[PDB]
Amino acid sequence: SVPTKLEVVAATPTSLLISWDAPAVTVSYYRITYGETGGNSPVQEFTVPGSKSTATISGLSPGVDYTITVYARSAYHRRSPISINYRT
């Protein structure tokens, strides 16, 4: 379970700002995936440095429900990703 809390902190019609808790051990980078809940499209993906605790997802569409998933990639654990849903 890393990060241990994930939330949408701000939302606009085409973007979501997500926030998570600082990790107990060094994270090399985070992998962030997102796509429409139950979609025939592959999820889109990007990475952010392991020193971040927020990220902005842009290029979204209004009134679409999205599944967002954050992987903390660390040399020191193999913990599972955290996932949330949010409708723009």
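Numbering starts at 1 and follows the sequence shown.
21 to 29 and 60 to 68 differ in mean CA B-factor, and the higher of the two is recorded for 60 to 68. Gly35 sits in the highest third of its chain by CA B factor, as recorded in the PDB entry.
Among the modelled residues of its chain, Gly50 has a C-alpha B-factor that falls in the lowest third according to the deposited record. For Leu16, the recorded CA B-factor ranks within the lowest third of the chain. Only modelled residues enter the ranking.
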